[PDB]
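Undergrad: The structure is given below, and queries will be raised subsequently.
In PDB author numbering, the protein residues as written are 1 to 167, 178 to 356.
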């Protein structure tokens, strides 16, 4: 019967870690911000949207940036296109000469060579003090969304700002709790704003990692600046109708490469290192304890024991209610991402 002992030891550890961390986070949550948004701060802001073959979306995405209340003499846009099959380079022609008051630069590259490459080339054509990366399929819900992000960037100790997303609450609690504590290691491509002096100290975006936003936010946090997601900077998540599981596995893959690379580098500030280590644990270690318990159980169930068999009937019964199946399937995505990571590089 020792397989039941190991099975629910692993299940106790796996489900206990995230709720000990959440409890710790909630503690941090009622502590007030040691930084303040400044509404009269007006830096020059460059919005960079990297695009490869999204001629449908680009029209209204530029429309969404255009309709922001942030003052246009301090706003410019760089649509960076990596040699696209579609007619996007001058889909941005179209729009760009139809909205002339909005300073825009379409820079196009020799070659398609990935997201970070496009961002780096766009970076040295950017003139703003704040660089905001955003995905072409992401739309900002309010006309003051960009201004809300920028107001959080005023304090000299804040190097990076991202949004909280809407369509779990557990996730958003982690985000703004870690942000209050010091920094959060996960940013969102819907709105990722960095101080350009810091980007060019880094310098530019590294090609090694998929989660460019969260890797750059994390490296700004290791350097001693704040990387934060304030609750009033809210984006809505862009979920594609088809290929959903593949997409979620792909973003998990970016997350596990990011955290695997980030824990490798040592000099983390005292407030940040528990944050870094806890979310690196949750992303690289805990997922594994789940399906190992499941296999321990199945083997035991097959070889006679019925308690385990019930343990797994209970597990299926807990799949009916939605917080359990959100959690389980994200652990599944994380395991898929780990194996896909190991075998993608060969």
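All C-beta atoms in this analysis are idealised placements derived from N, C-alpha and C, irrespective of residue type, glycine included.
Within this structure, are the beta carbons of residue 49 and residue 134 separated by less than 7 Å?
TA: In this structure, residue 134 lies closer than 7 Å to residue 49 by Cβ.
Undergrad: Rounded to whole angstroms, what is the Cα-Cα separation between residue 128 and residue 207?
TA: Roughly 10 Å separates the two Cα atoms.
Undergrad: Out of 243, 40, 337 and 264, state which residue places its alpha-carbon closest to the alpha-carbon of residue 14.
TA: For the residues 243, 40, 337 and 264, the minimum Cα distance to residue 14 belongs to 337.
Undergrad: In terms of residue numbering, what span does the beta strand (DSSP E) encompassing residue 204 cover?
TA: 202-205 is the extent of the beta strand (DSSP E) around residue 204.
Undergrad: Do you know whose CA, among 148, 280 and 136, lies nearest residue 71's CA?
TA: Residue 71 has its Cα closest to that of 148, out of 148, 280 and 136.
Undergrad: Nearer than 6 Å: is that true of the beta carbon of residue 240 relative to any heavy atom of the ligand NAD?
TA: With respect to the ligand NAD, the structure offers nothing, as it holds no ligand at all.
Undergrad: Tell me the rounded alpha-carbon separation between residue 96 and residue 56.
TA: Each residue's Cα considered, the two are about 15 Å apart.
Undergrad: What does the Cβ neighbour count give for residue 198, buried or exposed, with the cut at 16 atoms within 10 Å?
TA: Flag for residue 198 reads buried.
Undergrad: The beta strand (DSSP E) with residue 130 in it runs from where to where?
TA: First-last of the beta strand (DSSP E) with residue 130: 130-133.
Undergrad: Apart from the five residues on each side of it in sequence, which residues of its chain come closer than 8 Å, Cβ to Cβ, to residue 185?
TA: Cβ neighbours of residue 185 beyond the five flanking positions: 164, 194, 196 and 239.
Undergrad: Are the Cβ atoms of residue 132 and residue 203 separated by less than 7 Å?
TA: A contact, by the Cβ cut-off of 7 Å.
Undergrad: Could you check which residue in 46, 100 and 60 has the C-alpha nearest to that of residue 75?
TA: The candidate whose alpha carbon is nearest that of residue 75 is 46.
Undergrad: Just to confirm, is the Cβ distance from residue 278 to residue 232 under 7 Å?
TA: Result yes, Cβ atoms of residue 278 and residue 232 sit closer than 7 Å.
Undergrad: Can the beta-carbon of residue 80 be found closer than 7 Å to that of residue 136?
TA: Against a cut-off of 7 Å, the Cβ pair of residue 136 and residue 80 comes out as no contact.
Undergrad: Spatial neighbours of residue 166 within its chain, please: CB distance less than 6 Å, with the 5 preceding and 5 following residues excluded, ordered by chain position.
TA: 244 and 246, listed in sequence order.
Undergrad: What residue range is occupied by the uninterrupted alpha helix (DSSP H) comprising residue 189?
TA: Counting along the chain, the alpha helix (DSSP H) containing residue 189 begins and ends at 179-191.
Undergrad: Could you check where the beta strand (DSSP E) with residue 162 kicks off and where it finishes?
TA: Taken as a continuous stretch (DSSP letters only), the beta strand (DSSP E) holding residue 162 covers 158-162.
Undergrad: With 7 Å as the threshold, decide whether the Cβ of residue 123 is near any Cβ in chain C.
TA: Judged by its chain identifiers, the structure shown contains no chain C, having just a single protein chain.
Undergrad: Return the bridge partner residues of residue 103 from the DSSP annotation.
TA: 76.
Undergrad: Would you be able to state if there are at least three C-beta pairs under 8 Å between the region 268-282 and the region 1-16?
TA: As far as the Cβ criterion goes, the region 1-16 does not touch the region 268-282, which means the pair count is below three.
Undergrad: Taking the alpha helix (DSSP H) that residue 50 belongs to, which residues open and close that run?
TA: That residue, residue 50, is in no alpha helix (DSSP H); its beta strand (DSSP E) goes 45-51.
Undergrad: If you draw a straight line from the alpha carbon of residue 310 to that of residue 140, how long is it in whole angstroms?
TA: Residue 310 and residue 140: Cα-Cα distance of roughly 51 Å.
Undergrad: Could you tell me the distance, in whole angstroms, from the CA atom of residue 158 to the CA atom of residue 230?
TA: Residue 158 and residue 230: Cα-Cα distance of roughly 9 Å.
Undergrad: Hey, could you find the ends of the beta strand (DSSP E) residue 236 is sitting in?
TA: Note, residue 236: beta strand (DSSP E), 236-238.
Undergrad: Would you mind sorting residue 25 into buried or exposed? The rule is 16 or more other CB atoms within 10 Å of its CB.
TA: Result: buried.
Undergrad: Closest to residue 286 by C-alpha separation, out of 213, 60, 304 and 266, would be which residue?
TA: Out of 213, 60, 304 and 266, 266 has the C-alpha closest to the C-alpha of residue 286.
Undergrad: Could you tell me the distance, in whole angstroms, from the CA atom of residue 200 to the CA atom of residue 211?
TA: Distance between the alpha carbons of residue 200 and residue 211 is about 23 Å.
Undergrad: What does DSSP give as the partner residue(s) for residue 166 in the beta ladder?
TA: Residue 166 pairs with 246.
Undergrad: Tell me the DSSP bridge mates of residue 81?
TA: Bridge partners of residue 81: 51 and 108.
Undergrad: Considering only the beta carbon of each residue, do residue 31 and residue 190 sit closer than 7 Å?
TA: Their beta carbons are under 7 Å apart, which means residue 31 touches residue 190 by this criterion.
Undergrad: Check each candidate in 255, 44 and 155 and name the one with the smallest Cα separation from residue 73.
TA: Looking at the Cα atoms, 44 is the closest of the given residues.
Undergrad: Compare the C-alpha of residue 322 against each of 145, 305 and 348 and name the closest.
TA: Checked all of 145, 305 and 348; the closest Cα to residue 322 is 305.
Undergrad: Would residue 169 and residue 205 be called neighbours here (beta carbons separated by less than 7 Å)?
TA: Residue 169 cannot be located in this model; the chain continues from 167 straight on to 178.
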